[PDB]
Structures are given as structure tokens and as C-alpha cells.
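Residue numbers for the sequence shown, in the authors' numbering: 9 to 249.
To start, the structure under review is shown below, and the notes come after it.
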Amino acid sequence: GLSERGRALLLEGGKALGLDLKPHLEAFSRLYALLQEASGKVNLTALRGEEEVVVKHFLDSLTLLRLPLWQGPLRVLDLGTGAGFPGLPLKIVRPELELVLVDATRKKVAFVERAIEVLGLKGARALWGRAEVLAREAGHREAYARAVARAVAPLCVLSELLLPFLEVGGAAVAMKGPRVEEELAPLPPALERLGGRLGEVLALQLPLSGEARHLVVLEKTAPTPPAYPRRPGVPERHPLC
Ligand SMILES: C[S@@+](CC[C@H](N)C(=O)[O-])C[C@H]1O[C@@H](n2cnc3c(N)ncnc32)[C@H](O)[C@@H]1O
Numbered sequence: 009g010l011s012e013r014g015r016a017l018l019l020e021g022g023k024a025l026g027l028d029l030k031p032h033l034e035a036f037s038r039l040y041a042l043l044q045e046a047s048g049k050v051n052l053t054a055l056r057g058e059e060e061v062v063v064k065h066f067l068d069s070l071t072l073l074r075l076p077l078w079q080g081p082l083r084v085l086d087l088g089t090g091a092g093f094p095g096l097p098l099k100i101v102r103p104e105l106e107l108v109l110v111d112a113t114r115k116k117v118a119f120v121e122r123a124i125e126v127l128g129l130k131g132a133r134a135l136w137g138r139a140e141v142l143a144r145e146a147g148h149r150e151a152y153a154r155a156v157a158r159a160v161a162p163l164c165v166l167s168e169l170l171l172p173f174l175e176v177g178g179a180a181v182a183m184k185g186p187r188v189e190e191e192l193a194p195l196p197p198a199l200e201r202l203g204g205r206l207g208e209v210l211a212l213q214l215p216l217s218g219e220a221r222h223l224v225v226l227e228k229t230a231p232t233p234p235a236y237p238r239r240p241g242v243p244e245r246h247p248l249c
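So this is what it looks like as C-alpha cells:
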């Protein structure tokens with residue numbers, strides 16, 4: 009679990025994000041333990057340091073909350089969640105959200121489900137599948153108020169993966185690093201074809217790290233055309249921009 013120092017870092021970082029993480033210290037400590045346990049099994053690799061996990065993953069995920077987009081029982085998709093980021097931190101601090109965490113890798117879906125159970129989270133589930141396939145399902149196509157994604161794909165690709173999941177009026181957040189100018193430059197025309205438009209591009213400093221970040225908001229302004237998203241692998245191989 010999180011050390012006293014680890015808790016203090018999380019707490020301080022949360023404040024800089026405008027959050028009171030005091031009621032959530034235990035949950036994050038429990039999640040960190042889960043990550044430790046899982047990582048321990050693998051012999052070639054190890055979990056990154058406590059401080060790096062708290063700052064570059066717990067707090068990084070929580071930067072989503074700098075955007076005023078998470079009030080009420082919103083239906084949210086975490087696309088390509090991996091080990092549950094940024095989805096799990098988001099769900100912990102915003103319990104009202106109806107969260108579906110998707111990943112094409114079954115073993116990661118299994119971990120997230122385990123974390124949900126262990127943390128005793130309600131209104132959150134992991135789902136095994138490809139974004140391109142799920143976005144063709146009556147259960148999921150344009151059925152989300154929100155979608156988020158970190159470290160999945162360049163904006164041109166990611167926009168095709170995310171936008172089809174959103175109901176009109178909804179919004180997705182593409183979490184990005186220090187530089188986005190190049191990825192953004194050719195984006196607008198592609199967004200429009202997808203029925204989206206660029207919302208806020210919130211530049212901020214990741215607290216306690218010295219590193220810049222960008223939260224790229226993709227608003228759903230109109231229905232996505234039947235063409236999108238294209239079959240699995242196609243957005244990646246033939247990006248819209
Ligand atoms: C680099 S990991 C990032 C994990 C997590 N989002 C994070 O930031 O820590 C990218 C994850 O997205 C998943 N992924 C990539 N493309 C996907 C797709 N088209 N549909 C579902 N999952 C996808 C991969 O399986 C992988 O686990």
C-alpha cells in the first residue's frame with residue numbers, strides 16, 4: 009500500500025488539481041497494492057516507483073477533473089484502459105459516473121474487473137473487445153455522454169475511435185503530453201467528417217512533476233456517418249488525417 013509519504017504526495021497533488029482526495033486515500037492505497045501484487049509476478053519487469061505511480065498515473069489520470077464535465081450519472085467510456093487508467097482514478101473520485109472500461113487485451117480487462125471488485129466500486133465494469141467493433145454495437149454506438157483515452161493513438165486515429173461512441177452533445181477527452189500542435193494541425197477537417205469539433209484544449213502542468221500536459225476535448229456536434237469507425241486496424245493503418 010501507499011506509504012505516509014505516498015499519501016501526502018497524492019493529497020498535495022490533488023489540492024493542486026482542486027480536489028480533496030482525503031476521503032479517497034485508502035482506495036488509491038488499495039489500488040496501488042493491487043498494482044504491486046500483479047507486477048510482482050512478472051520476472052523481467054517491476055512496477056514503477058511509488059512516487060512515479062502517484063504522480064504520473066494517479067494524479068495524471070485525475071487531471072481530467074480540471075475539466076467541468078463529470079457531474080451526475082454520466083455514462084463514460086474509458087477506451088484502451090490498460091490496467092485501468094485513467095478510468096479507475098476517475099471513478100474513485102467521481103462515484104456517480106457510469107463507467108465502462110474497454111480494452112482489446114483480455115488479461116487487462118481481467119485486472120480491471122478484479123480492481124473494481126477489490127475496491128468495491130459500483131457502476132463500473134471492464135469490457136473485452138476492440139473499439140472499432142464495440143462502436144458498431146447497438147449497446148454502445150453513440151450511447152455515451154463521455155469517453156476518455158490515454159496513451160492509445162494519435163489524435164487523427166483516436167478521434168475515429170472515440171467520436172462514434174458519443175451521443176450528440178456528448179464529449180470525449182484525449183489525454184495528451186507536452187506537445188500537441190502537430191497532431192492538432194490537420195485534425196479539424198477529420199473531426200467534422202466524424203461529426204465532432206474541437207472543444208477546449210486545456211494546457212496545464214502535471215502537479216509535482218514539472219511536466220506539461222494537454223487535455224483535448226472532442227465535442228460531439230452531429231451524428232457520425234455510417235462509414236465510421238472503419239474495421240479493426242483500419243483507422244491505425246489508414247488515418248483520416
Ligand atoms: C499503451 S496502453 C495504455 C493503457 C492506459 N490507457 C494507460 O494510459 O495507462 C494502450 C492500451 O489500449 C488498448 N487498445 C489499443 N487500441 C485499442 C482498440 N482499438 N480497442 C480496444 N483497446 C485498444 C491496448 O490493448 C492497450 O492495453
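In this text, a Cβ means the ideal position worked out from N, Cα and C, and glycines have one as well.
Reference residue i; option with closest CA among the options
i	options	result
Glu-140	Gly-131, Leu-170, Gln-44, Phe-119	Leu-170
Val-117	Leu-96, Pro-196, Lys-228	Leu-96
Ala-179	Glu-150, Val-110, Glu-190, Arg-133	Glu-150
Cβ-Cβ distance between residue i and residue j below 8 Å
i	j	result
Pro-94	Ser-69	yes
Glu-59	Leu-19	no
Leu-67	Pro-215	yes
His-222	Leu-210	yes
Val-120	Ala-182	no
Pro-231	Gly-203	yes
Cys-249	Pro-186	no
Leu-135	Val-110	yes
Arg-144	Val-84	no
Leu-98	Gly-131	no
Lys-228	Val-176	yes
residue 266	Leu-192	Here the chain has residues from 9 to 249 only, and residue 266 is not among them.
7 Å CB neighbourhood of residue i in its chain, flanking five on each side removed
i	result
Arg-138	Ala-112, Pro-240
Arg-102	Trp-78
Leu-212	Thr-71, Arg-74, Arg-221
Cβ neighbours of residue i in the same chain (closer than 8 Å, five flanking residues each side left out)
i	result
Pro-243	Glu-140, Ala-161, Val-165, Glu-168, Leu-169, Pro-237
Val-63	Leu-17, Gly-21, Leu-214, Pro-215, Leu-216, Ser-217
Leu-33	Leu-10, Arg-15, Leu-18, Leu-19
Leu-199	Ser-167, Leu-171, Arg-205, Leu-206, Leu-226
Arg-38	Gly-9, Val-126, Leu-127
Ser-47	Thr-53, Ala-54, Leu-55
Ligand 1 heavy atom lying under 7 Å from the CB of residue i
i	result
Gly-90	yes
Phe-93	yes
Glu-189	no
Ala-139	yes
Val-160	yes
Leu-75	no
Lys-116	yes
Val-126	no
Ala-134	no
Contact set for residue i: own chain, Cβ-Cβ below 6 Å, skip 5 residues either direction
i	result
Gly-14	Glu-58, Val-62
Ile-100	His-32, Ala-35
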